[PDB]
Amino acid sequence: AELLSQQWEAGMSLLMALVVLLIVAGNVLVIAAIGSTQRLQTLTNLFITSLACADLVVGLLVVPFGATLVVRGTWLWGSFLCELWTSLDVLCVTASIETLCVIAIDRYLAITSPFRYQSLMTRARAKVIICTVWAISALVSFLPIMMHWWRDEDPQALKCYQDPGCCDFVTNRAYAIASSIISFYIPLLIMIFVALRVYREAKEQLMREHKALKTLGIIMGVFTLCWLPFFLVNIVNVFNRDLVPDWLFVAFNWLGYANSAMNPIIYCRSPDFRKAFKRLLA
Ligand SMILES: CC(C)(Cc1c[nH]c2ccccc12)NC[C@H](O)COc1ccccc1C#N
């Protein structure tokens, strides 16, 4: 049994270290590629940078802390770090779906109203948009957690709050529903609605302007596939606590984490990223 534990720890630790490396390496490349290639320095890629930072924070902070919990079965970092960790987790997935939502609107307005778009949409303004996305994401994610709005009345929950080794996100039903709707479900619907409109307006309307759009359609689709299972379960868990097994919930949350390693791979469809990747890996 002690050998089974010693194998499981060292085994998992490496899988986790591989995941961390794939996320951090992949996204640092994307930030560097854009940051040092003036062919890639478009307004749209400013939003891709923002998105890569969100995925970077997942790789440097969210998954590391999450790994120590999955390896060692308990939280080792004190109740304050548990809260700050959870806040960063919630923050990143919120900022990601909001930025993807901006990207869809960006592409739409650029397609349907190209004269008015290109005369209004500036670098200064894309930065303002990006900050506003992060400001809103911070507001919706950080505050309710620090205010303990998520916490429930149950004695078993109360037991977990006092124990600085418990870092389970046992949330009340109101928070579970509200935070899911505000952080995920609303921006997801807006994104899908706008993305379908773009897909329609693309056919009605030029190889390089397209294909890049398809790429953006992929990242949005993949994100949805990685996160929808988690948020669906999260809502089901409110109506009946026992239907979904613990492992399936934890697994789906890890699928969502995994999404942070996927974009840099998907960007390799764009040859200019591919060339910038090859140059940087000197
Ligand atoms: C914080 C938690 C539950 C990870 C976690 C932390 N401790 C746990 C113990 C057992 C299972 C999972 C966990 N997962 C957060 C997910 O990344 C998604 O988080 C969210 C993002 C926006 C709105 C609501 C949620 C939630 N819940």
# chains A, B, ... in the order shown; residues from 1 in each chain; ligands from 1

call {"tool": "closest_atom_pairs", "arguments": {"of": "chain A", "to": "ligand 1", "cutoff": "7 Å", "atoms": "only C-alpha atoms and all ligand atoms", "output": "JSON lines"}}
result
{"residue": "A:86", "atom": "CA", "partner": "ligand 1", "partner_atom_place_in_ligand_line": "1 (C)", "distance": 4.9}
{"residue": "A:89", "atom": "CA", "partner": "ligand 1", "partner_atom_place_in_ligand_line": "17 (O)", "distance": 5.2}
{"residue": "A:90", "atom": "CA", "partner": "ligand 1", "partner_atom_place_in_ligand_line": "21 (C)", "distance": 3.8}
{"residue": "A:91", "atom": "CA", "partner": "ligand 1", "partner_atom_place_in_ligand_line": "21 (C)", "distance": 6.8}
{"residue": "A:93", "atom": "CA", "partner": "ligand 1", "partner_atom_place_in_ligand_line": "21 (C)", "distance": 5.6}
{"residue": "A:94", "atom": "CA", "partner": "ligand 1", "partner_atom_place_in_ligand_line": "22 (C)", "distance": 5.7}
{"residue": "A:141", "atom": "CA", "partner": "ligand 1", "partner_atom_place_in_ligand_line": "22 (C)", "distance": 6.9}
{"residue": "A:167", "atom": "CA", "partner": "ligand 1", "partner_atom_place_in_ligand_line": "7 (N)", "distance": 5.2}
{"residue": "A:168", "atom": "CA", "partner": "ligand 1", "partner_atom_place_in_ligand_line": "9 (C)", "distance": 3.8}
{"residue": "A:169", "atom": "CA", "partner": "ligand 1", "partner_atom_place_in_ligand_line": "3 (C)", "distance": 4.9}
{"residue": "A:176", "atom": "CA", "partner": "ligand 1", "partner_atom_place_in_ligand_line": "27 (N)", "distance": 6.3}
{"residue": "A:179", "atom": "CA", "partner": "ligand 1", "partner_atom_place_in_ligand_line": "23 (C)", "distance": 4.7}
{"residue": "A:180", "atom": "CA", "partner": "ligand 1", "partner_atom_place_in_ligand_line": "23 (C)", "distance": 4.6}
{"residue": "A:183", "atom": "CA", "partner": "ligand 1", "partner_atom_place_in_ligand_line": "22 (C)", "distance": 4.9}
{"residue": "A:184", "atom": "CA", "partner": "ligand 1", "partner_atom_place_in_ligand_line": "22 (C)", "distance": 6.2}
{"residue": "A:234", "atom": "CA", "partner": "ligand 1", "partner_atom_place_in_ligand_line": "27 (N)", "distance": 6.8}
{"residue": "A:249", "atom": "CA", "partner": "ligand 1", "partner_atom_place_in_ligand_line": "11 (C)", "distance": 6.7}
{"residue": "A:250", "atom": "CA", "partner": "ligand 1", "partner_atom_place_in_ligand_line": "11 (C)", "distance": 5.0}
{"residue": "A:253", "atom": "CA", "partner": "ligand 1", "partner_atom_place_in_ligand_line": "17 (O)", "distance": 5.8}
{"residue": "A:256", "atom": "CA", "partner": "ligand 1", "partner_atom_place_in_ligand_line": "17 (O)", "distance": 6.7}
{"residue": "A:257", "atom": "CA", "partner": "ligand 1", "partner_atom_place_in_ligand_line": "17 (O)", "distance": 6.9}

call {"tool": "write_last_selection", "arguments": {"atoms": "C-alpha atoms", "output": "mmCIF file, in the first residue's frame"}}
result
data_model
loop_
_atom_site.group_PDB
_atom_site.id
_atom_site.type_symbol
_atom_site.label_atom_id
_atom_site.label_comp_id
_atom_site.auth_asym_id
_atom_site.auth_seq_id
_atom_site.Cartn_x
_atom_site.Cartn_y
_atom_site.Cartn_z
ATOM 1 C CA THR A 86 -10.140 29.377 -6.148
ATOM 2 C CA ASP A 89 -9.430 29.660 -11.045
ATOM 3 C CA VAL A 90 -12.850 31.306 -11.369
ATOM 4 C CA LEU A 91 -11.218 34.521 -12.692
ATOM 5 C CA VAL A 93 -12.341 30.887 -17.045
ATOM 6 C CA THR A 94 -14.483 34.039 -16.728
ATOM 7 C CA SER A 141 -15.032 36.242 -9.740
ATOM 8 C CA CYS A 167 -10.169 23.234 0.080
ATOM 9 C CA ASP A 168 -13.315 21.795 -1.510
ATOM 10 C CA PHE A 169 -15.519 24.315 -3.281
ATOM 11 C CA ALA A 176 -23.636 27.735 -7.879
ATOM 12 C CA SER A 179 -21.972 32.321 -10.757
ATOM 13 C CA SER A 180 -22.476 29.735 -13.507
ATOM 14 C CA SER A 183 -19.379 33.764 -15.529
ATOM 15 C CA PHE A 184 -20.219 31.191 -18.194
ATOM 16 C CA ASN A 234 -22.331 21.914 -11.749
ATOM 17 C CA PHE A 249 -16.738 16.063 -11.613
ATOM 18 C CA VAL A 250 -12.992 16.284 -10.850
ATOM 19 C CA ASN A 253 -12.764 20.185 -14.158
ATOM 20 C CA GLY A 256 -11.350 22.460 -18.575
ATOM 21 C CA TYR A 257 -7.871 23.018 -17.163
#

call {"tool": "residues_around", "arguments": {"residues": "region 193-202 of chain A", "least_positions_apart": "2", "cutoff": "9 Å", "atoms": "only C-alpha atoms", "output": "MDAnalysis selection string"}}
result
chainID A and resid 101 104:105 107:108 111:112 188:191 204:205 210 213:214 217 220

call {"tool": "write_last_selection", "arguments": {"atoms": "C-alpha atoms", "output": "compact mmCIF listing (two decimals), in the first residue's frame"}}
result
# COMPACT_ATOMS: atom_id res chain seq x y z
CA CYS A 101 -16.98 36.89 -26.72
CA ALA A 104 -16.66 37.16 -31.96
CA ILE A 105 -18.10 40.70 -31.81
CA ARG A 107 -14.99 39.74 -36.23
CA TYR A 108 -18.70 40.47 -36.72
CA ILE A 111 -17.19 41.94 -41.45
CA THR A 112 -20.63 43.60 -41.47
CA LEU A 188 -21.44 31.50 -23.99
CA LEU A 189 -24.87 32.22 -25.48
CA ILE A 190 -23.74 35.65 -26.71
CA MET A 191 -20.63 34.04 -28.25
CA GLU A 204 -22.66 35.94 -48.12
CA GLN A 205 -19.55 38.13 -48.50
CA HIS A 210 -11.00 33.59 -43.81
CA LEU A 213 -11.69 33.13 -38.85
CA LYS A 214 -12.16 29.36 -39.00
CA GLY A 217 -14.18 29.26 -34.73
CA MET A 220 -14.34 28.87 -29.42

call {"tool": "select_by_dssp", "arguments": {"residues": "region 71-256 of chain A", "states": "helix (DSSP H, G or I)", "output": "PyMOL selection string"}}
result
chain A and resi 71-72+78-112+114-120+123-146+155-162+173-204+212-239+246-256

call {"tool": "write_last_selection", "arguments": {"atoms": "C-alpha atoms", "output": "compact mmCIF listing (two decimals), in the first residue's frame"}}
result
# COMPACT_ATOMS: atom_id res chain seq x y z
CA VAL A 71 -1.31 14.32 -5.59
CA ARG A 72 -1.38 14.60 -1.79
CA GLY A 78 -3.48 27.59 4.46
CA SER A 79 -7.08 28.77 4.07
CA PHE A 80 -6.10 32.18 2.64
CA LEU A 81 -4.24 30.62 -0.30
CA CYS A 82 -7.16 28.22 -0.85
CA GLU A 83 -9.47 31.22 -1.32
CA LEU A 84 -7.02 33.16 -3.51
CA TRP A 85 -6.42 30.01 -5.58
CA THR A 86 -10.14 29.38 -6.15
CA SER A 87 -10.57 33.07 -7.03
CA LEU A 88 -7.85 32.85 -9.69
CA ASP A 89 -9.43 29.66 -11.05
CA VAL A 90 -12.85 31.31 -11.37
CA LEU A 91 -11.22 34.52 -12.69
CA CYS A 92 -9.41 32.88 -15.63
CA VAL A 93 -12.34 30.89 -17.05
CA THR A 94 -14.48 34.04 -16.73
CA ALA A 95 -11.93 36.25 -18.54
CA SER A 96 -11.44 33.58 -21.23
CA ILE A 97 -15.12 33.23 -22.25
CA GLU A 98 -15.48 37.03 -22.11
CA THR A 99 -12.48 37.60 -24.40
CA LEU A 100 -13.74 34.94 -26.83
CA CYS A 101 -16.98 36.89 -26.72
CA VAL A 102 -15.18 40.13 -27.65
CA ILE A 103 -13.33 38.30 -30.45
CA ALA A 104 -16.66 37.16 -31.96
CA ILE A 105 -18.10 40.70 -31.81
CA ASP A 106 -14.81 42.05 -33.20
CA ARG A 107 -14.99 39.74 -36.23
CA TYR A 108 -18.70 40.47 -36.72
CA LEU A 109 -18.42 44.29 -36.74
CA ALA A 110 -15.29 44.06 -38.91
CA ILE A 111 -17.19 41.94 -41.45
CA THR A 112 -20.63 43.60 -41.47
CA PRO A 114 -15.75 47.26 -42.23
CA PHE A 115 -15.59 51.01 -42.93
CA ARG A 116 -17.07 52.00 -39.55
CA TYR A 117 -15.12 49.29 -37.71
CA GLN A 118 -11.67 50.22 -39.07
CA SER A 119 -12.30 53.94 -38.42
CA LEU A 120 -13.31 53.37 -34.77
CA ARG A 123 -4.98 49.98 -30.56
CA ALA A 124 -5.75 52.27 -27.61
CA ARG A 125 -9.36 51.04 -27.65
CA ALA A 126 -8.57 47.33 -27.91
CA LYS A 127 -6.43 47.80 -24.77
CA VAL A 128 -9.31 49.57 -22.99
CA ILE A 129 -11.66 46.73 -23.98
CA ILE A 130 -9.14 44.16 -22.67
CA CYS A 131 -8.83 45.97 -19.32
CA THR A 132 -12.61 46.24 -19.01
CA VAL A 133 -12.93 42.49 -19.63
CA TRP A 134 -10.40 41.79 -16.86
CA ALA A 135 -12.01 44.39 -14.55
CA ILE A 136 -15.47 42.81 -14.95
CA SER A 137 -14.04 39.29 -14.65
CA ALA A 138 -12.22 40.29 -11.46
CA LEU A 139 -15.46 41.83 -10.07
CA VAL A 140 -17.64 38.82 -10.83
CA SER A 141 -15.03 36.24 -9.74
CA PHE A 142 -12.89 37.64 -6.89
CA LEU A 143 -15.38 39.55 -4.71
CA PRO A 144 -18.11 36.91 -4.14
CA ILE A 145 -15.40 34.44 -3.06
CA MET A 146 -13.64 36.81 -0.62
CA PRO A 155 -22.37 21.54 9.38
CA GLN A 156 -20.25 19.35 7.06
CA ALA A 157 -19.50 22.48 5.01
CA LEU A 158 -18.73 24.48 8.19
CA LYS A 159 -16.31 21.67 9.11
CA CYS A 160 -14.53 22.08 5.76
CA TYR A 161 -14.23 25.88 6.17
CA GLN A 162 -12.44 25.71 9.55
CA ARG A 173 -27.16 26.45 -4.56
CA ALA A 174 -27.72 30.18 -5.21
CA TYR A 175 -24.02 30.88 -5.78
CA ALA A 176 -23.64 27.73 -7.88
CA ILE A 177 -26.47 28.87 -10.18
CA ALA A 178 -25.74 32.63 -10.23
CA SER A 179 -21.97 32.32 -10.76
CA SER A 180 -22.48 29.74 -13.51
CA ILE A 181 -24.91 32.02 -15.34
CA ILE A 182 -22.85 35.21 -14.87
CA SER A 183 -19.38 33.76 -15.53
CA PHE A 184 -20.22 31.19 -18.19
CA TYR A 185 -23.76 30.72 -19.54
CA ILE A 186 -24.58 34.33 -20.56
CA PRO A 187 -21.28 35.00 -22.40
CA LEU A 188 -21.44 31.50 -23.99
CA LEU A 189 -24.87 32.22 -25.48
CA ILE A 190 -23.74 35.65 -26.71
CA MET A 191 -20.63 34.04 -28.25
CA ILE A 192 -22.59 31.28 -30.01
CA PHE A 193 -25.21 33.77 -31.24
CA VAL A 194 -22.56 36.14 -32.66
CA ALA A 195 -20.37 33.31 -34.02
CA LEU A 196 -23.27 31.86 -36.05
CA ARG A 197 -23.98 35.36 -37.41
CA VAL A 198 -20.33 35.64 -38.53
CA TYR A 199 -20.50 32.19 -40.16
CA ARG A 200 -23.57 33.37 -42.11
CA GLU A 201 -22.03 36.75 -43.06
CA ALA A 202 -18.82 35.02 -44.20
CA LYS A 203 -20.55 32.98 -46.94
CA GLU A 204 -22.66 35.94 -48.12
CA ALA A 212 -7.98 32.67 -39.67
CA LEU A 213 -11.69 33.13 -38.85
CA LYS A 214 -12.16 29.36 -39.00
CA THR A 215 -9.23 29.04 -36.56
CA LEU A 216 -11.08 31.40 -34.19
CA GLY A 217 -14.18 29.26 -34.73
CA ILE A 218 -12.17 26.22 -33.62
CA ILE A 219 -10.81 27.77 -30.42
CA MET A 220 -14.34 28.87 -29.42
CA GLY A 221 -15.76 25.41 -30.19
CA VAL A 222 -13.00 23.54 -28.33
CA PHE A 223 -13.36 25.83 -25.29
CA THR A 224 -17.09 25.05 -25.27
CA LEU A 225 -16.39 21.30 -25.45
CA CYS A 226 -13.82 21.51 -22.64
CA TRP A 227 -15.97 23.57 -20.22
CA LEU A 228 -19.61 22.74 -20.97
CA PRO A 229 -19.39 19.27 -19.34
CA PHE A 230 -18.18 20.84 -16.07
CA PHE A 231 -20.83 23.60 -15.99
CA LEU A 232 -23.61 21.16 -16.92
CA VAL A 233 -22.66 18.85 -14.04
CA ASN A 234 -22.33 21.91 -11.75
CA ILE A 235 -25.99 22.76 -12.46
CA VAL A 236 -27.14 19.12 -12.13
CA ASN A 237 -25.37 18.90 -8.73
CA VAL A 238 -27.81 21.53 -7.46
CA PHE A 239 -30.92 19.48 -8.29
CA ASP A 246 -16.89 12.63 -7.48
CA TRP A 247 -14.29 11.47 -10.04
CA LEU A 248 -16.38 12.55 -13.07
CA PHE A 249 -16.74 16.06 -11.61
CA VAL A 250 -12.99 16.28 -10.85
CA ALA A 251 -12.19 14.85 -14.32
CA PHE A 252 -14.40 17.37 -16.15
CA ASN A 253 -12.76 20.18 -14.16
CA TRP A 254 -9.41 18.86 -15.40
CA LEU A 255 -10.63 18.74 -19.00
CA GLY A 256 -11.35 22.46 -18.57

call {"tool": "residues_around", "arguments": {"residues": "residue 278 (chain A)", "least_positions_apart": "6", "cutoff": "10 Å", "atoms": "only C-alpha atoms", "output": "list in words"}}
result
residues 29, 33 and 272 of chain A

call {"tool": "write_last_selection", "arguments": {"atoms": "N, CA, C and O atoms", "output": "PDB file, in the first residue's frame"}}
result
ATOM      1  N   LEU A  29       5.217  31.030 -25.988  1.00  0.00           N
ATOM      2  CA  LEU A  29       5.507  31.097 -27.416  1.00  0.00           C
ATOM      3  C   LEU A  29       4.523  32.007 -28.155  1.00  0.00           C
ATOM      4  O   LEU A  29       4.945  32.841 -28.956  1.00  0.00           O
ATOM      5  N   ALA A  33       5.638  35.203 -30.023  1.00  0.00           N
ATOM      6  CA  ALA A  33       5.383  35.250 -31.464  1.00  0.00           C
ATOM      7  C   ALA A  33       4.712  36.560 -31.873  1.00  0.00           C
ATOM      8  O   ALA A  33       5.221  37.277 -32.734  1.00  0.00           O
ATOM      9  N   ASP A 272       2.037  31.597 -40.308  1.00  0.00           N
ATOM     10  CA  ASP A 272       2.834  32.705 -39.783  1.00  0.00           C
ATOM     11  C   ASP A 272       3.182  32.510 -38.309  1.00  0.00           C
ATOM     12  O   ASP A 272       4.281  32.866 -37.878  1.00  0.00           O
TER      13      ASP A 272
END

call {"tool": "atom_distance", "arguments": {"atom1": "CA of residue 23 (chain A)", "atom2": "CA of residue 261 (chain A)"}}
result
4.3 Å

call {"tool": "closest_residue", "arguments": {"among": "A:209, A:73, A:171, A:280", "to": "residue 5 (chain A)", "atoms": "only C-alpha atoms"}}
result
A:73

call {"tool": "atom_distance", "arguments": {"atom1": "CA of residue 18 (chain A)", "atom2": "CA of residue 55 (chain A)"}}
result
15.4 Å

call {"tool": "residues_around", "arguments": {"residues": "residue 45 (chain A)", "least_positions_apart": "5", "cutoff": "10 Å", "atoms": "only C-alpha atoms", "output": "ChimeraX atom specification"}}
result
/A:30-31,34-35,40,50-51,103

call {"tool": "write_last_selection", "arguments": {"atoms": "C-alpha atoms", "output": "PDB file, in the first residue's frame"}}
result
ATOM      1  CA  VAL A  30       2.167  32.665 -28.492  1.00  0.00           C
ATOM      2  CA  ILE A  31       2.851  35.845 -26.479  1.00  0.00           C
ATOM      3  CA  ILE A  34       2.849  38.116 -31.483  1.00  0.00           C
ATOM      4  CA  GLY A  35       5.173  40.377 -29.452  1.00  0.00           C
ATOM      5  CA  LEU A  40       1.147  39.132 -36.349  1.00  0.00           C
ATOM      6  CA  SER A  50      -5.125  38.590 -23.395  1.00  0.00           C
ATOM      7  CA  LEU A  51      -6.494  35.069 -23.846  1.00  0.00           C
ATOM      8  CA  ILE A 103     -13.332  38.299 -30.452  1.00  0.00           C
TER       9      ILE A 103
END

call {"tool": "closest_residue", "arguments": {"among": "A:281, A:14, A:46, A:244", "to": "residue 28 (chain A)", "atoms": "only C-alpha atoms"}}
result
A:281

call {"tool": "atom_distance", "arguments": {"atom1": "CA of residue 211 (chain A)", "atom2": "CA of residue 24 (chain A)"}}
result
26.0 Å
